[PDB]
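*Asks:* A single structure is presented below for examination.
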Amino acid sequence: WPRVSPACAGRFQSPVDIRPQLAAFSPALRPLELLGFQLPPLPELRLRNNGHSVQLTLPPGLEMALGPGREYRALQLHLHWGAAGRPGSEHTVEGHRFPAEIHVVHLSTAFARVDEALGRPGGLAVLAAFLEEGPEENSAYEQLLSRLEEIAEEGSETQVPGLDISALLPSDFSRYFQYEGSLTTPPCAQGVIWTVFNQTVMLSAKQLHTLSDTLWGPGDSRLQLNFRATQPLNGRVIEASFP
Amino acid sequence: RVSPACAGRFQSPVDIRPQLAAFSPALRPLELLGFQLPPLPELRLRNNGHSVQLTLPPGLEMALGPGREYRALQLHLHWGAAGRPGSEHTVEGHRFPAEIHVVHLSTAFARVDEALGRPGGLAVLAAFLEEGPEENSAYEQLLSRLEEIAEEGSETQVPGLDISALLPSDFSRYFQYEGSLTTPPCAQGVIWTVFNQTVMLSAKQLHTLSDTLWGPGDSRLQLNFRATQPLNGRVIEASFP
Ligand SMILES: NS(=O)(=O)c1c(F)c(F)c(SCCc2ccc(C(=O)O)cc2)c(F)c1NC1CCCCCCCCCCC1
Ligand SMILES: NS(=O)(=O)c1c(F)c(F)c(SCCc2ccc(C(=O)O)cc2)c(F)c1NC1CCCCCCCCCCC1
Ligand SMILES: [Zn+2]
Ligand SMILES: [Zn+2]
């Protein structure tokens, strides 16, 4: 990874191990504001297998705020996962790796283009939630997972009807961890604001197997364990929106 | 064009109410590197008509944390008039005699105009100036030169000095909030760090600052502070409970 682009050996990279007892509570971290995420069924959205993950391109109008006057527009979402009987979340909590992780990537409003935001502090913000095993089938996630067989091949894509993107995220928008780090693939640009929800979302064991067993990557290898290793904080302090 | 960003919701200066400040233990001591200048090359001290400014050379590096790195561009002062305070920021309604600002540019940006309006592009360090019993010698190096730049738009060269000696010793205790520039264009996204500890000048020193320079026709350069702006739901953070 430092081979093909050396930003991946920068000092302030992601993902990181979250250690709640060492997190800094700041009352200034207000609840997350997400508007325009309840999408109608038309227009349909591009759901692509890109060889390294499954991604959903998002339209313009998904407005997000991390504070007052710190606004964002959602660009896309994608997922990280493991294999049969192996977790594949990127972030860990006290060394525990969760089954999977959703990332919703956004661009700061103050930037017109993604490539101006890269490497700039707060240019990009990601919302991250952990996916766990639960008793029920998750309806929001079945909308995406049921369509995965159709894009099993590296490079293929399909169209899915619009859905409530916020339905894919956890219950409590006032409880999260926050730090500044990087993208977790090349170019590994720094200045990315990561916000990681305290609460998880639940998927059936079948859904988690659908996600981990359906997609193929590059030759004929399985698209699995698509997570970067844990990176050192190097002096950074993870903050928390709750005592 | 009466400066459209000067009507933003999130402007500076503000009234700091310590009881409404949020303690955040993420806020570590500020670190400066390269503020101790050699005497040459000299720096340009300038009466720009609205303030006195010192332009700073390249290699003054400041950090607000790990990964939050800045380069110093300039400093300038805000002050009042005989018996009237002119700090920009207030604390629980109190206006201090004067204020120093050191304006910095993020090391993601090569030019000021790329940073303006961008979150965290510019960062200012701010400290209040009060009367103390002693002549402050770092300030004296600038204040003894104000007679040479009394005229609006004049300037003079001054030996490099310890720029960090114009600031308080205690870099641990401060307030921090997101706001704006206090002159047009008043662009938002500016990280303001305001020190708990103040800097001491002699009475004579403070009088020199307030009573020596002239502004735009033949009016004295005094009371060069903007009115305090509403927080408007922003929460000022504090590095200490
Ligand atoms: N965790 S992460 O957000 O960093 C991330 C990952 F970790 C990933 F593994 C991935 S998947 C591997 C990179 C990739 C992306 C798209 C294509 C394609 O469409 O053909 C091919 C390869 C990812 F997209 C994202 N996110 C973004 C792409 C990362 C490259 C930077 C380009 C600017 C951001 C563009 C939108 C967000 C997607
Ligand atoms: N508190 S503040 O930072 O907003 C500020 C003020 F409130 C001020 F009143 C002032 S003084 C009035 C603006 C000015 C600056 C320079 C000239 C000149 O050289 O001829 C003329 C007029 C100030 F300089 C600064 N700071 C200037 C220095 C930082 C470098 C330029 C960054 C671009 C923003 C342009 C506004 C001046 C900022
Ligand atoms: Zn990701
Ligand atoms: Zn100023």
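Following the order of the structure tokens, first chain is A, next is B, and so on, with residues numbered from 1 inside each chain and ligands from 1 in the order they appear.
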Mind listing as a VMD selection string which residues of chain B are within 8 Å of chain A, counting only C-alpha atoms?
*Replies:* chain B and resid 10 22 to 26 65 to 67 108 to 109 117 to 121 233 to 237
*Asks:* Write the residues of the selection above to a file with N, CA and C atoms, as an mmCIF file, in the first residue's frame.
*Replies:*
data_model
loop_
_atom_site.group_PDB
_atom_site.id
_atom_site.type_symbol
_atom_site.label_atom_id
_atom_site.label_comp_id
_atom_site.auth_asym_id
_atom_site.auth_seq_id
_atom_site.Cartn_x
_atom_site.Cartn_y
_atom_site.Cartn_z
ATOM 1 N N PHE B 10 -22.452 32.785 11.852
ATOM 2 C CA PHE B 10 -21.362 32.305 12.736
ATOM 3 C C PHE B 10 -20.096 33.158 12.643
ATOM 4 N N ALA B 22 -17.852 24.389 26.991
ATOM 5 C CA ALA B 22 -17.822 22.943 27.167
ATOM 6 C C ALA B 22 -16.403 22.507 27.421
ATOM 7 N N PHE B 23 -16.159 21.841 28.549
ATOM 8 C CA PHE B 23 -14.841 21.269 28.793
ATOM 9 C C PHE B 23 -14.621 20.129 27.798
ATOM 10 N N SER B 24 -13.548 20.203 27.029
ATOM 11 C CA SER B 24 -13.136 19.109 26.163
ATOM 12 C C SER B 24 -11.687 18.692 26.393
ATOM 13 N N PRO B 25 -11.469 17.525 27.025
ATOM 14 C CA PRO B 25 -10.092 17.085 27.223
ATOM 15 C C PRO B 25 -9.311 16.700 25.962
ATOM 16 N N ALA B 26 -9.931 16.694 24.774
ATOM 17 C CA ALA B 26 -9.171 16.541 23.511
ATOM 18 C C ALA B 26 -8.203 17.720 23.247
ATOM 19 N N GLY B 65 -3.406 20.703 17.560
ATOM 20 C CA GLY B 65 -3.353 19.375 18.081
ATOM 21 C C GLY B 65 -2.271 18.722 17.247
ATOM 22 N N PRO B 66 -2.556 16.861 17.428
ATOM 23 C CA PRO B 66 -1.844 16.103 16.399
ATOM 24 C C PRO B 66 -2.607 16.106 15.059
ATOM 25 N N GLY B 67 -1.900 16.391 13.976
ATOM 26 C CA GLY B 67 -2.522 16.477 12.664
ATOM 27 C C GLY B 67 -3.231 17.784 12.323
ATOM 28 N N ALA B 108 -2.951 22.412 4.765
ATOM 29 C CA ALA B 108 -3.396 21.775 3.540
ATOM 30 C C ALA B 108 -3.453 22.763 2.377
ATOM 31 N N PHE B 109 -3.259 24.054 2.659
ATOM 32 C CA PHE B 109 -3.508 25.125 1.709
ATOM 33 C C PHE B 109 -2.223 25.926 1.438
ATOM 34 N N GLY B 117 -13.216 30.678 4.007
ATOM 35 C CA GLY B 117 -14.507 29.984 3.952
ATOM 36 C C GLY B 117 -14.462 28.466 4.115
ATOM 37 N N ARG B 118 -13.279 27.845 4.002
ATOM 38 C CA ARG B 118 -13.121 26.392 4.184
ATOM 39 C C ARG B 118 -12.958 26.046 5.673
ATOM 40 N N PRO B 119 -13.537 24.915 6.123
ATOM 41 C CA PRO B 119 -13.459 24.585 7.566
ATOM 42 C C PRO B 119 -12.020 24.352 8.029
ATOM 43 N N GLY B 120 -11.607 25.159 9.002
ATOM 44 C CA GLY B 120 -10.282 25.058 9.563
ATOM 45 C C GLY B 120 -9.132 25.547 8.711
ATOM 46 N N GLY B 121 -9.433 26.287 7.638
ATOM 47 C CA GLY B 121 -8.407 26.779 6.734
ATOM 48 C C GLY B 121 -7.510 27.817 7.375
ATOM 49 N N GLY B 233 -26.138 29.499 18.753
ATOM 50 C CA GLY B 233 -26.137 28.059 18.956
ATOM 51 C C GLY B 233 -24.789 27.355 18.913
ATOM 52 N N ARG B 234 -23.719 28.081 18.555
ATOM 53 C CA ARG B 234 -22.342 27.556 18.709
ATOM 54 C C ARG B 234 -22.021 27.367 20.181
ATOM 55 N N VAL B 235 -21.198 26.374 20.482
ATOM 56 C CA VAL B 235 -20.739 26.084 21.830
ATOM 57 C C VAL B 235 -19.233 26.296 21.820
ATOM 58 N N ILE B 236 -18.780 27.217 22.666
ATOM 59 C CA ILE B 236 -17.365 27.499 22.863
ATOM 60 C C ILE B 236 -16.842 26.366 23.705
ATOM 61 N N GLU B 237 -15.696 25.823 23.325
ATOM 62 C CA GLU B 237 -15.042 24.763 24.095
ATOM 63 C C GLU B 237 -13.922 25.342 24.949
#
*Asks:* Residues of chain B that approach ligand 4 to 8 Å or less, counting only C-alpha atoms and all ligand atoms: could you list each one with the shortest pair of atoms and its distance in Å to one decimal, rows by chain and increasing residue number, as a tab-separated table?
*Replies:*
residue	atom	partner	partner_atom_place_in_ligand_line	distance
B:75	CA	ligand 4	1 (Zn)	7.9
B:76	CA	ligand 4	1 (Zn)	6.2
B:77	CA	ligand 4	1 (Zn)	6.3
B:78	CA	ligand 4	1 (Zn)	6.4
B:88	CA	ligand 4	1 (Zn)	7.7
B:99	CA	ligand 4	1 (Zn)	7.9
B:100	CA	ligand 4	1 (Zn)	7.1
B:101	CA	ligand 4	1 (Zn)	5.2
B:102	CA	ligand 4	1 (Zn)	7.9
B:181	CA	ligand 4	1 (Zn)	7.3
B:182	CA	ligand 4	1 (Zn)	6.2
B:183	CA	ligand 4	1 (Zn)	7.7
B:225	CA	ligand 4	1 (Zn)	7.9
*Asks:* Given the selection you just returned, output its residues as a file containing N, CA, C and O atoms, formatted as a short mmCIF file (atom, residue, chain, number, x, y, z; two decimals), in the first residue's frame.
*Replies:*
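Result saved to result_27.cif:
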data_model
loop_
_atom_site.label_atom_id
_atom_site.label_comp_id
_atom_site.auth_asym_id
_atom_site.auth_seq_id
_atom_site.Cartn_x
_atom_site.Cartn_y
_atom_site.Cartn_z
N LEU B 75 0.58 38.99 12.51
CA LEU B 75 -0.15 39.40 13.69
C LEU B 75 -0.54 40.89 13.64
O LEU B 75 0.04 41.69 12.91
N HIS B 76 -1.54 41.24 14.43
CA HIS B 76 -2.00 42.62 14.53
C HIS B 76 -2.73 42.81 15.84
O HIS B 76 -3.00 41.85 16.57
N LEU B 77 -3.04 44.05 16.14
CA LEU B 77 -3.61 44.38 17.43
C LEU B 77 -4.95 45.11 17.29
O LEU B 77 -5.24 45.78 16.30
N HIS B 78 -5.76 44.97 18.32
CA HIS B 78 -6.98 45.74 18.45
C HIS B 78 -6.88 46.42 19.80
O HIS B 78 -6.36 45.86 20.74
N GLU B 88 -11.53 42.74 21.25
CA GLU B 88 -12.62 42.30 20.38
C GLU B 88 -13.50 41.33 21.14
O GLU B 88 -14.71 41.53 21.24
N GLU B 99 -6.09 43.59 22.45
CA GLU B 99 -6.01 42.19 22.03
C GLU B 99 -5.01 42.02 20.89
O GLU B 99 -4.93 42.85 19.95
N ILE B 100 -4.26 40.92 20.98
CA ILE B 100 -3.38 40.50 19.91
C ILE B 100 -3.98 39.30 19.18
O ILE B 100 -4.52 38.38 19.81
N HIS B 101 -3.87 39.33 17.86
CA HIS B 101 -4.24 38.22 16.99
C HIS B 101 -3.07 37.75 16.14
O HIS B 101 -2.44 38.57 15.47
N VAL B 102 -2.81 36.44 16.14
CA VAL B 102 -1.82 35.85 15.25
C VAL B 102 -2.58 34.95 14.28
O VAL B 102 -3.15 33.93 14.70
N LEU B 181 -13.50 35.89 10.30
CA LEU B 181 -12.67 37.10 10.29
C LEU B 181 -13.53 38.27 10.76
O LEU B 181 -14.77 38.23 10.63
N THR B 182 -12.88 39.28 11.34
CA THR B 182 -13.57 40.43 11.93
C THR B 182 -13.45 41.72 11.09
O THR B 182 -13.83 42.81 11.51
N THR B 183 -12.96 41.56 9.87
CA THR B 183 -12.87 42.60 8.87
C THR B 183 -13.32 41.93 7.57
O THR B 183 -13.25 40.69 7.47
N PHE B 225 -12.16 47.68 17.04
CA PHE B 225 -12.77 46.39 17.32
C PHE B 225 -14.19 46.31 16.74
O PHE B 225 -14.92 47.29 16.72
#
*Asks:* Mind checking DSSP for segment 79-180 of chain A and telling me the strand (DSSP E) residues as number ranges by chain?
*Replies:* A: 79-81, 92-93, 96-97, 100-108, 124-133, 157-160, 176-180
*Asks:* Identify, on the basis of only C-alpha atoms, every residue whose closest approach to residue 40 of chain B does not exceed 10 Å; exclude the query and any residue fewer than 6 positions from it along the same chain; express the result as a PyMOL selection string.
*Replies:* chain B and resi 158-161
*Asks:* Show me, as a ChimeraX atom specification, the residues that have an atom within 12 Å of residue 152 of chain A when counting only C-alpha atoms, minus same-chain residues fewer than 5 positions from it.
*Replies:* /A:47-51,53-54,145-147,157-158,210-218,220-223
*Asks:* I need the residues in segment 73-183 of chain B that are helix (DSSP H, G or I) according to DSSP; give them as a PyMOL selection string.
*Replies:* chain B and resi 112-115+137-143+146-149+163-166
*Asks:* Find the residues near residue 61 of chain B: any atom within 8 Å, counting only C-alpha atoms, skip ones fewer than 6 places away on the same chain, and give them as JSON, numbers by chain.
*Replies:* {"B": [32, 33, 34, 35, 69, 70, 71, 72]}
*Asks:* Go ahead and dump the residues you just picked, N, CA and C atoms, as a compact mmCIF listing (two decimals), in the first residue's frame.
*Replies:*
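Printed below is selection31.txt as written:
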# COMPACT_ATOMS: atom_id res chain seq x y z
N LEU B 32 4.13 25.71 19.42
CA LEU B 32 4.72 26.59 18.43
C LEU B 32 6.11 26.10 18.09
N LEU B 33 6.49 26.26 16.84
CA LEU B 33 7.84 25.95 16.41
C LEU B 33 8.33 27.09 15.54
N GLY B 34 9.56 27.55 15.80
CA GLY B 34 10.18 28.57 14.97
C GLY B 34 9.76 30.01 15.25
N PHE B 35 9.15 30.26 16.41
CA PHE B 35 8.72 31.62 16.71
C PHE B 35 9.88 32.50 17.18
N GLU B 69 -2.13 21.24 11.78
CA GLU B 69 -0.91 22.04 11.66
C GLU B 69 -1.12 23.29 10.84
N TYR B 70 -0.50 24.39 11.29
CA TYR B 70 -0.65 25.72 10.67
C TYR B 70 0.70 26.46 10.49
N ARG B 71 0.71 27.42 9.57
CA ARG B 71 1.85 28.34 9.37
C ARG B 71 1.40 29.74 9.73
N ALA B 72 2.22 30.47 10.48
CA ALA B 72 1.88 31.84 10.84
C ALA B 72 2.06 32.78 9.63
*Asks:* Can you tell me how far atom CA of residue 137 of chain B sits from atom CA of residue 55 of chain B, in Å to one decimal?
*Replies:*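 Taking atom CA of residue 137 of chain B as the start and atom CA of residue 55 of chain B as the end point, the length is 19.2 Å.
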*Asks:* To one decimal place, how far is atom CA of residue 241 of chain A from atom CA of residue 72 of chain A in Å?
*Replies:* 18.9 Å
